[PDB]
Amino acid sequence: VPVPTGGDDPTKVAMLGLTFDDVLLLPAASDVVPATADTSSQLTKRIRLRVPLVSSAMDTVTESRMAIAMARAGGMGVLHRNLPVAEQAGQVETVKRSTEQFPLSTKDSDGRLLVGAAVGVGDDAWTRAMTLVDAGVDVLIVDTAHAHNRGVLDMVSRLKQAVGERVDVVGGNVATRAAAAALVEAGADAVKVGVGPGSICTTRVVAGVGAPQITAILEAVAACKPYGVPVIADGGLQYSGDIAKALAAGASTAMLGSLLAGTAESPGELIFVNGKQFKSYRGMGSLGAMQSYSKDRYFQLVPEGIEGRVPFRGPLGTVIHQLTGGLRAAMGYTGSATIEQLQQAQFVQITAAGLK
Amino acid sequence: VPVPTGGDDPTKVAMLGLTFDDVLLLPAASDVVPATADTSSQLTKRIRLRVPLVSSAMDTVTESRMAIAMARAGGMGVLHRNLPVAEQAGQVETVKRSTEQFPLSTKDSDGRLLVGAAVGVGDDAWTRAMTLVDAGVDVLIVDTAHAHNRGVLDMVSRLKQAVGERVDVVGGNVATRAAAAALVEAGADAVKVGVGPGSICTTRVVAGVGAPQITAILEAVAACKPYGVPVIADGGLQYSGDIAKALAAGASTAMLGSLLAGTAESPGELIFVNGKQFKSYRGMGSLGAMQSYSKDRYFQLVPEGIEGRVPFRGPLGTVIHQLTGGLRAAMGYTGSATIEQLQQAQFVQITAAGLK
Amino acid sequence: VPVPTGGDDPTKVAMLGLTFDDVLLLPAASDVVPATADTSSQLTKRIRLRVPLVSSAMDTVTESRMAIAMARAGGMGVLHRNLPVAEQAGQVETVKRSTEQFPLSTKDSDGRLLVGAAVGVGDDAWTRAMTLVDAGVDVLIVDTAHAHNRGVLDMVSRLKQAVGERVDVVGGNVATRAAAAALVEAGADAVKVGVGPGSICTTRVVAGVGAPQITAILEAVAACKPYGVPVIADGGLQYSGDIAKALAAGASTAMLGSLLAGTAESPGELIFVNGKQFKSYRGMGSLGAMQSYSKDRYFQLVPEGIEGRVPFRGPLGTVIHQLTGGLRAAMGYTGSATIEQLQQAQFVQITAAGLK
Amino acid sequence: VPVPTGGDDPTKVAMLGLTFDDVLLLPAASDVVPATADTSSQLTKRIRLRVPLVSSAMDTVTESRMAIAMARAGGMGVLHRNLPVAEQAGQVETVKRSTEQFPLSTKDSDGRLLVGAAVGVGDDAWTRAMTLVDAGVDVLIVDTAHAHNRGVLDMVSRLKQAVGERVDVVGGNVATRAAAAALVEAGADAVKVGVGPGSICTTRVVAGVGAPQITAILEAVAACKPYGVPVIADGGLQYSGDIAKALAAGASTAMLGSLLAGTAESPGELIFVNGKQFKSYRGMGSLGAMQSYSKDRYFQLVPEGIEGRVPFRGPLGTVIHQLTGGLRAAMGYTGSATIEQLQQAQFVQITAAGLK
Amino acid sequence: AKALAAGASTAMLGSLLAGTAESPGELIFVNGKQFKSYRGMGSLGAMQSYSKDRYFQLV
Ligand SMILES: O=c1[nH]cnc2c1ncn2[C@@H]1O[C@H](COP(=O)(O)O)[C@@H](O)[C@H]1O
Ligand SMILES: O=c1[nH]cnc2c1ncn2[C@@H]1O[C@H](COP(=O)(O)O)[C@@H](O)[C@H]1O
Ligand SMILES: O=c1[nH]cnc2c1ncn2[C@@H]1O[C@H](COP(=O)(O)O)[C@@H](O)[C@H]1O
Ligand SMILES: O=c1[nH]cnc2c1ncn2[C@@H]1O[C@H](COP(=O)(O)O)[C@@H](O)[C@H]1O
Ligand SMILES: O=c1[nH]cnc2c1ncn2[C@@H]1O[C@H](COP(=O)(O)O)[C@@H](O)[C@H]1O
């Protein structure tokens, strides 16, 4: 009579959450050469990227240099907001002002590289958003840790009402079907997915809140797809196989953090330790980062992130090519000519024995 | 026809038990700022704490100093019984006799700090209980390792009949629905839950007996909530996320052990090892502690606890503030304005890959 | 339509196996003081031990001294058969020929200590069995690695027909319900259970054959209990909690290996390694031991055991007392007055998180 | 209403995959002595081996020396294709041209040793295959990493139409039932199974594509057995227990990789490190290996293999005898007189606790 | 060369010839490297017995 896990409510434990390590992609009938697979995918309803990768809006990942490199490589970059508004507007202008080297570069109708900017929630965030739109930003990301708040939805609706035809609006992080549906109703052009799985995240330890990434992507797609709203899987990706898994679950774009932090185009000074090279990497909720403009990320001290260092990886183009090659190999195995065909692939669930 | 795990009796393996690491809290529609969340909760049917934390009744955790500090911090402290009756009454008097900087201090009707005392089962325990009641204790915890015993229920009934109208009576550790129902029938004002999950506990190794804490809390709550009897989750809490999970499973109060052992207010001398500071922490059933007043906890040699050292943590106030901040973050994520609403949040079960 | 794990046959994967680490004993309504619990249990249909423990028939565990000590401690010892017949008969007579220090000692009608001996399968084994019966052994264990063989069953029937009224015959190791039923029909007085779970055993690695011990005990009890044939759990036991778990699963007696090899009474010299005292421990199918009278254990060199060292433990009485204290604690928690009541306790299955 | 793992599509997560560590062979009624079990099994529809083992077609495993040793031991060897066509034909001729020491030697009608050769896909592969056939090869393995491609099936049909009555054609790696059915329809004489589980493979990390080996064998066998097409399990085998499990899942032959890289007959110079003997072992798709005949395994840089060193194991005969002894022990435990009876054995699934 | 220049006419060699293949003893393999035993006549391994009169002898 009672639930086998305890209690009487069958919905007290909502579901069983799968992460990236719990699944593998099953091979299927393939007539696709990996070199000819089309990896282009929608970022928003009006923007299509040649490479379905986006740089995280973190102070140690994306600034003007990284944004330009990502835009040339085929993706896009989202500039962080841990700095004064005028400085972020200056970064946007630097990206917009900056031929055959980069056939995959992403550009607007005027031939200038695309760039995205992150804003918060509030009147100061409204002034920031208006300044960024005037500077010529292409897409605005309403970056909040928990986007199912009333204020986040109201801010997304106001931005779409004001500058909804000039720029695109992307909702904050969600992890459930209900939150994704609420963001879609508000009018977001895309939905960003993930609450908890960050590598530098301590939400699961400090707050005891989280959601495994594969299940969260599936639930959000289950709410976003009938309306044509793309999904951006944000956080938890460590290999190119994880990117392929995230895209096969229904996500149209993957946002990268630590995989791009150690590159040469990321900010921060290179550090030398015992003959090896490393670079800093900290979360926006870490004590060092919030000791400011971005401290309002979690409605603030109880830090919800950690600082660390990741090894130097070299130029960004090399990392992007490795990830795209892994994705192309996955597409060849699953017989997916396009990303829209990769989004229909099947998974096999593996036990703990397959991971040890 | 036969059970998949073996045999022919489907009730031989009663249920699948979930621990704190098996679940995460799912985000929900939130309209709550962490700084404005109300963390007050019921300890017994008549006592309400501003911070739902209670100190463990262990000789290395709670004495007069720790009890005063916990009562000032917004919670309460329970004095151990590993000492003669007169000394425990002296500790109670010291706490009661004892500052505008503490707005959250828990006080009785007369403005004196609240304190609790732990008693066992027996005629000596009855004399101890009478002395503590005369000394002015607020709550008596009938502390036994197995509270489903007949004698424990009889002692709880006797205490309620004698001094029930003056003090509250909390019943010892249970791990099933039937035991919680029996304690409620006996007349306990609150039920303490947990058999096995202690950090220094070896009941699972020595005796092979235990119960995962999340499932035990769910079962005990299903037994106690229809009568309005609060639940105190005791043991196994290592982070503020665990406190949030325990309160979301249904528990109204959490009792803290090793998290409080390394603070300044805890009894014990400071240990210096290689320039690092540690403090002693041992179970009340260990060889070094039972060698007596607590030796009768399991009707006793067979040690059922271990000794060890925990790193020095500093003042109690800092630790309590960090734990309460983590709890507030959880309340903000789940959209719970009060603890009574946090007790209705949903879980997501994660696999082994989610713990790697 | 197909099986979720693969193929179309739903019986290809017969069941899910639970080991000792997958379950815990659930506390129940108790009125039992651990000191007054009765640990007497049936070894065979006619022999009742004061302590439900038996020594393994291994050349590094049991000889005359260990058998004498075990019989005095309240259990019984089984002499290994890795030696000539005359030597084994001499060991039996040494035990039989050998005041108030040992009230729990096990004895026959003549007041002499009970002892058991292991025999193999064949004609030399028949001569060995007859010589041991003449020497005065009380129970014969037909020790084979796989007792579901036709030859082992026929040997058990022959022994029961010949010396049935003088000694008890215990069948070799089984791991399924069908094998237990086959041994019961052949006339065995006790069924010894376990194929794979030995600590020094490499059957699961070399042959890929095994069965988890909790499930195996449940399956074998489901066939032995209706006819009153006791079950002896052999192998995989590391703590007193495992002994309690094996007895609660239905076993009436546990056979101990490595828990007794490091004691003084076990054969072998005391090895000194970096100032620490160890003793040798090896399986009867190890390359060292099968180079011999135990070579017939696997119808055989393809070693199926390993050699190693176990720390010195001291006198056997102390180890037996520690194990019995753990068992008594389990009986107190589960509210079991006798072993027959312990055999009806319930398990809670734990996940992988509960083992980290 | 939704799927418990997320979304609304029940077929998104197709199945739960089992690997070798997840299962164990259950003992059954046995009349089989390990030394008298028949280990002969089919390789193709016309070739029967005495030992059901085949050497891998890798540049660090099999050449003329290893092929001859495997053919003398009772198995077979498949020559790698990372060298010019004339060189591979020379190796085949050397094997075909190279008394009672080897009673189990596998030979054709003309008394010469059997040998197999690996070919790719394309016109150059067609020329290679015709040259090898003109050199007297016995079986051709159409070797690809993903055999569900249209080109692979067409190549298999072409080879069977051309030289189908002289040599046998084995289809490359598959992991599902549909792929095995496609290879069977294409005319393959045997189907090789496994995509991902190689020890030197990085397909699961780079591409996120894979299939657990036990489940893949079960599915492929369900596809092939009604038509009498043998299944060769390739990859993931680390012990003789794994070989026994692979054969019990339905496979007729296991192809060995790292288990044969440290043998004396394996190509490559012996390497000394700190007085210990190791040998190099690398995949056919590794960066060093493809730096151009084998570069086309995955339609290729994005490496999908790794390099390393494995301990030197000595002569091949010793390893083959040890593996066969483990297989014989499994046959004795499961009561299987022949391999066709071992293929009907049952499994027991074990939990993670059984692996710790 | 120094010994011969000091005045000696011949040098008698010990350990410089112990490890040659023509010397008595068994080859020892340690971590893949080849060694040979070499002991003094007064050593405990050698004087434990003939040739105990080397120094009128156990120290
Ligand atoms: O301090 C933080 N805590 C939690 N999540 C963060 C923090 N800073 C950024 N994030 C998010 O978590 C993601 C982690 O990316 P990853 O390191 O690639 O897993 C980032 O891309 C952000 O979306
Ligand atoms: O010796 C002991 N054995 C088992 N449990 C104990 C012992 N001493 C205290 N406990 C309980 O275990 C809890 C451990 O708290 P923790 O250290 O926060 O897990 C205490 O609060 C007591 O409820
Ligand atoms: O060589 C061997 N191979 C496999 N099992 C063995 C061997 N020797 C003893 N055993 C079994 O393992 C038991 C002891 O296991 P332990 O209690 O884990 O040491 C014995 O009672 C036998 O049933
Ligand atoms: O470069 C490679 N990458 C991945 N798999 C490979 C490669 N080369 C060979 N294989 C396959 O992986 C298997 C590895 O065998 P194992 O080391 O016994 O698991 C081989 O027998 C081939 O079937
Ligand atoms: O046990 C011994 N003690 C002292 N001198 C020895 C002993 N054995 C040999 N010798 C002498 O010492 C010399 C050592 O020569 P070397 O090996 O060139 O140093 C030998 O050639 C002998 O003359």
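Residues numbered from 1 in each chain as written, not as in the entry; some residues may be left out. Chains lettered and ligands numbered in written order. Part of a larger assembly, values for the part shown. Heavy atoms only, no water.

As stated in the entry header, the method of structure determination is cryo-EM and the reported resolution is 2.99 Å.

### Let's talk about the overall build of chain A
Of the regular secondary structure elements, chain A holds 11 helices and 16 strands. Compactness check: chain A gives a C-alpha radius of gyration of 20 Å against a globular reference of 21 Å for 356 residues, within 12% of the reference. Overall, chain A is about 65 × 50 × 45 Å in size when its C-alpha atoms are taken along their principal axes. Within chain A, the proportion of its 356 residues that are buried is 63%. Accessible surface, chain A as shown: approximately 13300 Å² in total, 50% of it carbon and sulfur. (Helix = DSSP H or I, 4+ residues; strand = E, 2+ residues; numbered from the N terminus. Rg over C-alpha atoms; globule rule 2.2 N^0.38 Å. Buried < 20%, exposed > 50% of the residue type's maximum accessible area, 1.4 Å probe, protein only. Areas by Shrake-Rupley, 256 points an atom, 1.4 Å probe, with all protein chains shown as cover.)

### Some words on the pairing of strand β8 (residues 139-142) of chain C
Residues and elements named next belong to chain C. Here β8 shows no split at all, with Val139 and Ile141 on one side and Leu140 and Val142 on the other all buried. Across four bridges, strand β7 (residues 116-119) lies against β8 in parallel orientation. Across the sheet, residue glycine 116 finds its bridge partner in β8, namely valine 139. Between the parallel pair β7 and β8, the chain is carried across by helix α3 (residues 123-135), and the sense of this crossover is right-handed. Here β8 runs beside strand β9 (residues 168-174); their pairing, made up of three bridges, is parallel. From the neighbouring strand, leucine 140 faces β9, where its bridge partner is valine 169. Handedness of the β8-helix α4 (residues 150-163)-β9 crossover: right-handed. (Pairing = 2+ DSSP bridges. Right-handed = clockwise from strand over helix to strand, strands pointing away.)

### Overview of the packing of helix α4 (residues 150-163) of chain B against helix α5 (residues 177-186) of chain B
All names here are of chain B. Their axes nearest at 9 Å, the elements α4 and α5 cross at an angle of 30 degrees. In terms of their interaxial angle, α4 and α5 are classed as roughly parallel. Pair α4 / α5 crosses with right-handed handedness. Between α4 and α5, the contacting residues are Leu153, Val156 and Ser157 on the first element and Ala182, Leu183 and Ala186 on the second. Considered class by class, the residues forming the contact of α4 with α5 number five nonpolar, one polar and no charged. (Axes fitted to C-alpha atoms, helices over the stretch in contact; angles between N-to-C directions. Parallel < 35°, antiparallel > 145°, perpendicular 65-115°, else oblique. Left-handed = near helix turned anticlockwise from the far one by under 90°. Contact = heavy atoms within 4.5 Å. Nonpolar A, V, L, I, M, F, W, Y, C, P; charged D, E, K, R; others polar.)

### Some words on the site of ligand 5
All names here are of chain E. Close to ligand 5 lie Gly14, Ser15, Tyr38, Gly40, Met41, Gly42 and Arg54, which account for all nearby residues. Within the side chain of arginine 54, an N or O atom sits 3.1 Å from a nitrogen atom of ligand 5. Protein burial of ligand 5: of its 500 Å² of free accessible surface, 48% is covered by the chains. (Near = heavy atom within 4 Å. Polar contact = N/O pair within 3.5 Å; in protein donor to acceptor, adjacent residues only side chain to side chain.)

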